[PDB]
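Summary of the model geometry
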Amino acid sequence: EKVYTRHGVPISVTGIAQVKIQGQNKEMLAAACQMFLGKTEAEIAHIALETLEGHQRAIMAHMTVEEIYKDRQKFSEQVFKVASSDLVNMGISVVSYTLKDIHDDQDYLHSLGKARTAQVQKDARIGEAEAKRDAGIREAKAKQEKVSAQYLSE
Amino acid sequence: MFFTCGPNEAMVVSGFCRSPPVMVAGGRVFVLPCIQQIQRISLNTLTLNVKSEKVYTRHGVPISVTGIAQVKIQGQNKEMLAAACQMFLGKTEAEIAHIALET
Amino acid sequence: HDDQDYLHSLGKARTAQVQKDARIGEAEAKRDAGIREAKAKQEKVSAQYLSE
Amino acid sequence: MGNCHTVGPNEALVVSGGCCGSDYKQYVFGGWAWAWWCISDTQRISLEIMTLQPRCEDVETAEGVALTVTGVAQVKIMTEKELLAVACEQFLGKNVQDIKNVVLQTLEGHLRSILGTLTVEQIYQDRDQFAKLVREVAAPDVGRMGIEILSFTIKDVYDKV
Amino acid sequence: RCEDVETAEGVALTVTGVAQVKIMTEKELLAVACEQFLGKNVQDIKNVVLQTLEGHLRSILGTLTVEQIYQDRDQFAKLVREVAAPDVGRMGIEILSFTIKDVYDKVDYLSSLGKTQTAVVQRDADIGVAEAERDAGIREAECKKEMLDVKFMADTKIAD
Amino acid sequence: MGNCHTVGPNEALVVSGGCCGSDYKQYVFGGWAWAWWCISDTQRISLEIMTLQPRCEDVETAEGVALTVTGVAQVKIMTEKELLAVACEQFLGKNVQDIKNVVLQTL
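Along every chain, residue numbers run from 1 in sequence order, not necessarily as the entry numbers them; residues that have no coordinates are omitted. Here the convention is simple: chains get letters from A, ligands get numbers from 1, in the order in which they are written. Any value reported refers to the chains on display, which are one part of a larger assembly. In computing side-chain values, all of the structure's heavy atoms are included and hydrogens and water are not.

Its PDB header names cryo-EM as the technique used to obtain the model and reports a resolution of 3.58 Å.

The name that the PDB entry assigns to chain E is Flotillin-2, with the source organism given as Homo sapiens. Within the Protein Data Bank, this record goes by the title "Structure of the flotillin complex".

For chain B, the name recorded in the PDB entry is Flotillin-1, with Homo sapiens as its organism.

Description of the arrangement of the chains
In what follows, a contact means two residues having at least one pair of non-hydrogen atoms within 4.5 Å. Take the five pairs of chains in contact: the one carrying the most contacts is chains A and E. Spatially, chain D is disjoint from chain F: no contact exists, and the shortest C-alpha separation is 20 Å.

A short note on the interface of chain D and chain B
Listed as interface residues are 25 residues of chain D and, on the opposing side, 25 residues of chain B. Surface buried jointly by chain D and chain B totals about 2,100 Å² across both partners, of which 52% is contributed by carbon and sulfur atoms. A 3.5 Å cut-off defines polar contacts: any pair of N or O atoms within that distance qualifies, except that in protein one atom must be a possible hydrogen donor and the other a possible acceptor, and neighbouring residues in sequence count only when both atoms are side-chain atoms. Linking chain D to chain B there are 12 residue pairs in polar contact. A run of H or I in DSSP counts as a helix once it spans at least four residues, and a run of E counts as a strand once it spans at least two, with each numbered from the N terminus. Looking at the side of chain D that touches chain B, the elements that each hand over two or more residues are β6 (66–77), α3 (120–125) and β7 (147–158) of chain D. Accessible area, probed at 1.4 Å, shrinks when two parts are joined; the buried area is that loss added up over both.

Considering helix α1 (residues 78–88) of chain B
Three or more residues of α1(B) are buried, namely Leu81(B), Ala84(B), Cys85(B), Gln86(B) and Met87(B). The secondary structure elements touched by the buried residues of α1(B) are β1 (9–14) and β2 (37–42) of chain B together with β2 (25–29) and β6 of chain D. The rule is simple: take the accessible area with a 1.4 Å probe, protein chains only, and divide by the maximum for that residue type; under 20% is buried, over 50% is exposed, in between is partly exposed.

A word on the environment of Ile45(F)
Residues and elements named next belong to chain F. Topologically, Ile45 is positioned in strand β3 (residues 43–46). A relative accessible area of 9% places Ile45 in the buried class. Each C-alpha atom, one on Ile45 and one on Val69, is 32 Å from the other, the two residues being 24 residues apart in sequence. Not counting the four nearest positions on each side in its chain, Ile45 is found in contact with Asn10, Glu11, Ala12, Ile77, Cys88 and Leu92.

Here's the deal with the interface of chain E and chain A
Taken together, the contact between chain E and chain A spans 38 residues of the former and 42 residues of the latter. Surface buried jointly by chain E and chain A totals about 3,600 Å² across both partners, of which 59% is contributed by carbon and sulfur atoms. When the area that chain E buries against chain A is broken down by residue, the three leading residues are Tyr70(E), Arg73(E) and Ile158(E), summing to 16%. Between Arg139(E) and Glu130(A) there is a salt bridge, and its shortest N-O distance comes to 2.1 Å. Across the contact surface, chain E and chain A share 13 residue pairs in polar contact. Among the secondary structure elements, those contributing two or more residues to the side of chain E that touches chain A are β2 (12–23), α3 (66–71), β3 (93–104), α5 (109–118) and α6 (120–159) of chain E. With 16 residues, α6(E) is the largest single contributor of residues to the side of chain E that touches chain A. Any carboxyl oxygen of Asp or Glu that lies within 4 Å of a side-chain nitrogen of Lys or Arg is treated as forming a salt bridge with it.

Let's talk about a positive patch on the surface
The grouping of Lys132(A), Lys143(A), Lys146(A), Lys144(E) and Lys151(E) at the surface amounts to a positive patch. The set of elements that each furnish at least two residues to the positive patch consists of α5 (108–153) of chain A together with α6 of chain E. By residue number, the principal contributor to the positive patch is α5(A), which donates three residues. Residue position: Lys146(A) is located in helix α5. Its relative accessible area of 38% is what places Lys146(A) among the partly exposed residues. Each patch is assembled from residues with relative accessible area greater than 30% and no salt bridge, linking like charges that lie within 9 Å and nonpolar side chains (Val, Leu, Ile, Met, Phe, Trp, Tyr) that lie within 5 Å. Each accessible area value is a Shrake-Rupley result obtained with a 1.4 Å probe; residue values ignore everything except the protein chains displayed when judging cover. Charge convention: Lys and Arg are scored as positive, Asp and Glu as negative, and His as well as the terminal groups of each chain are ignored. Every charge is mapped to an atom, namely NZ of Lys, CZ of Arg, CG of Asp or CD of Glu.

With respect to the packing of aromatic side chains
For this analysis, a ring pair means two rings from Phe, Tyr or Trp (six-membered ring only for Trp) whose centres lie within 6.5 Å, classed as stacked if their planes differ by under 30 degrees, edge-to-face if by over 60, and tilted for the remaining angles. As enumerated under the stated definition, the model contains seven aromatic pairs over all chains in all. Ring geometry for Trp34(D) and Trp36(D): centres 6.3 Å apart, planes at 5°, overall stacked. Take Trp36(D): its relative accessible area is 38%, and that puts it in the partly exposed class. Where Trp32(F) meets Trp34(F), the ring centres are 5.2 Å apart and the plane angle is 40°; that geometry is what we call tilted. Given the relative accessible area of 62%, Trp32(F) is considered exposed. Of the aromatic side chains, those joined through ring pairs into one cluster are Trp32(D), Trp34(D) and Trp36(D).

Considering the pairing of strand β3 (residues 46–56) of chain B
Regular strands show a simple pattern: their side chains alternate between the two faces of the sheet. Residue and element names in this part refer to chain B. Paired strands are those between which DSSP finds at least two bridges. Of the strand pairs in this sheet, β3 and strand β4 (residues 62–71) are connected by nine bridges, and their pairing is antiparallel. Within the sheet, the bridge partner assigned to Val55 lies in β4 and is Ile63. Hairpin remark: β3 followed by β4, antiparallel, with five residues in the connecting loop; positive phi at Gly60, about 95°.

Quick look at the sheet that holds β3(E)
Strand order in this open sheet of three strands is β1-β2-β3 (chain E), and the pairing throughout is antiparallel. Pairing within the sheet leaves two strands with one partner each, and these edge strands are β1 (5–6) and β3 of chain E.

As for the packing of helix α1 (residues 6–51) of chain C against α5(E)
Only the contacting stretch of a helix is used when fitting its axis, a line to C-alpha atoms as for every element, and angles between N-to-C directions run 0 to 180 degrees. Across the interface, α1(C) lies against α5(E) with an axial gap of 7 Å and an inter-helix angle of 25°. Classed by the angle they form, the pair α1(C) and α5(E) counts as roughly parallel. For the crossing formed where α1(C) meets α5(E), the hand is left-handed. Counting all contacts with α1(C), which are made through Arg14(C), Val18(C), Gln19(C), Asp21(C), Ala22(C), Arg23(C), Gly25(C) and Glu26(C), the residues of α5(E) involved are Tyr109(E), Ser112(E), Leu113(E), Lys115(E) and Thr116(E). Only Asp, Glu, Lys and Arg are considered charged, only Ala, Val, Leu, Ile, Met, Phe, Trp, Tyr, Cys and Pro nonpolar, and every remaining residue, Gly among them, polar. Classifying every residue of the contact of α1(C) with α5(E) gives four nonpolar, four polar and five charged. When an angle is under 35 degrees it counts as roughly parallel; over 145 it counts as roughly antiparallel; between 65 and 115 it counts as roughly perpendicular; any other value is oblique. Crossing handedness follows the turn of the near helix against the far one: under a right angle anticlockwise gives a left-handed crossing, and clockwise gives a right-handed one.

Considerations on the sheet that holds strand β2 (residues 10–20) of chain A
All names here are of chain A. Taken in spatial order, the three strands of this open sheet run β1-β2-β3, and their pairing is antiparallel. At either margin of the open sheet sits one strand with a lone partner, and together these are β1 (3–4) and β3 (93–103). Inspection of the sheet shows β1 paired to β2 by two bridges, in the antiparallel sense. Paired with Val3 across the strands is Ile11, a residue of β2.

What about the environment of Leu30(E)?
All names here are of chain E. Following the sequence through the fold, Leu30 ends up in helix α1 (residues 28–36). Distance in space between the C-alpha atoms of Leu30 and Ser111 is 47 Å, their sequence separation being 81 residues. The residues contacting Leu30, other than those within four sequence positions of it, are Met24 and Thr25.

Comments concerning the pattern of salt bridges
Any two side chains of opposite charge can pair if their charged atoms end up close together. Applying the stated criterion across every chain, the model contains 28 salt bridges over all chains. Notably, a salt bridge pairs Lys25(D) with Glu89(D), separated by 2.3 Å at the nearest N-O pair. In this pair, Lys25(D) sits in strand β2 while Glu89(D) sits in helix α1 (residues 82–90), placing the two residues 64 residues apart along the sequence. Here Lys25(D) falls in the partly exposed class, since its relative accessible area comes to 40%. As a salt-bridge pair, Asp74(E) and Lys78(E) come within 3.7 Å of each other at their nearest N and O atoms. In this pair, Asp74(E) and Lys78(E) both sit in helix α4 (residues 74–88), four residues apart, roughly one turn of the helix. With a relative accessible area of 49%, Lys78(E) lands in the partly exposed category. Members of the salt-bridge network, linked through shared partners, are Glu130(A), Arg133(A) and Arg139(E).

The following block contains the structure:
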């Protein structure tokens, strides 16, 4: 919540992670058993949650928002690499990390969105102008012929 | 004892030393009471009211479009039926209709 | 802790030094937006009067 | 206590137990198995399709136009050989709501990410190719936890602008 | 969580951190660990380590500038390790991980820093919308002109 | 329990059962058949005509003129050889309302 990017703009960013204890590795499991015995699931989740939040909020200033929503694959891969290294050091391997939502309370991204909406609304209006001119030209012409014939009959 | 079935349901059961899949729909199977487990799939055709509301076309104009589909589980194909039995056992008709409806 | 406000001014110096940059960026953005906004306004009015 | 149990093709029976202390894990779907009083563990994995309703709110594409895109994806636990070792060592016996919630959040993130990857004109015209690319990008990661992606697409699209 | 702490340039920040600490399992260091602390309870470990790492974190935070804690704070944690391992390890406590949870300011440093580009995207958006409106207006005026010319020609024939 | 059942020409009797485990399905309309306690299944298919009232509301032709056209169609389950395999494996024993509703929407 309210984390600064490498431009300094604050954006509310939510992330989702799937973390598991890789019991296949004997060394990593033996390391993990030295502290994870006797700890409930809630605390186990909570401690790694704070650690991964630290890693994410630290890497926030590496990649800019323009990078995060556009170039997300490299961002996610680097986040996974660094977090997985420092957490395997602690003993938990992250299966997969993702970014849930990005929110801006400063209206930073709304204008960037609105630019393209204007750029398409100009086309929306140009089509209507085409249709209206094309309809009116021949409607007026047909009106002209019918009135001319009516007066000829009169 | 043998359990007869019609041609609108697939009788697939696990007994003793029957590791390969068994595709039975319209036959009988000798079933031990305390060894085998019985599960059923209904093959009857169900109609789907595929409804689309406020969907854009290739011009972008939104039109409300309703579709109707008749979907059935082709039990004649052994491979397809064996694939379907891996997830459709234990699912009610309503959910079976609903998932394919969304798809 | 300082109750004499000795260190607060030393802190505030750098805050001013960064706020000048904060204002310079806004001035850049406003001038760059206004120049071409006014120019586009000019072209549309010129074309409208040409049609009139 | 229970001995000589078998399961139907819909669910996979998982047993693991060291007869002489060596790691012997057997995972068989719709087959035959036996387990004694305390030789192994008798558990089953429901391989039924899990329903997905991915609904992303206030998500923006490359050009930045905000959309509220709802999707549908078909997910089922696979039946491979080495991947089912991961599947058995991975999740159970957490219940079906746990599968659906976990897959919902992870595919929510992945769907929003790929939606940002392409532009709104592409999701307008060619969204079958959008789903084909969703497969290409989601198979490498959603398959890691043993979950297959039978189908993928978007349910409805709504805009405020 | 350090309150009202200032960096080299003196900008006041209220920086909250998170650190991973565990008693080590070495050979000679566990002699110190056993002769050192127990049997004081877990609250005692957490309080003692909390105050000592509070002091150490505030000290190192003062050591570097706010621009560094802004841009490169992974290196900040790497230096926290380099400076805290020599002393936090003396009482047998290891440092598995270290970083800062959140940063808050009363003299709005970071919010001021975001001002530089929070308007650049607004600049581009305004330019784009202005250009789009210009194009729409010009071509719509052209359409209106053509339709009026034809309508007036038809009306002239009607008048005749 | 019931043995040696026969049905009239209006309805087709369908039986299926594996005497030695092999798939033997017999579908006979208005004929003779026998079934033991659990050798096969005794079911009948009503081959009567189903009434249809197709009524389309607000439907438009090629030129686009909107019409509300109501129709009538005559539908009956066929009595072919290979198609009745599909007929028997397809629908029953859903009742007559099910035939009429399904055929109503599709037509």
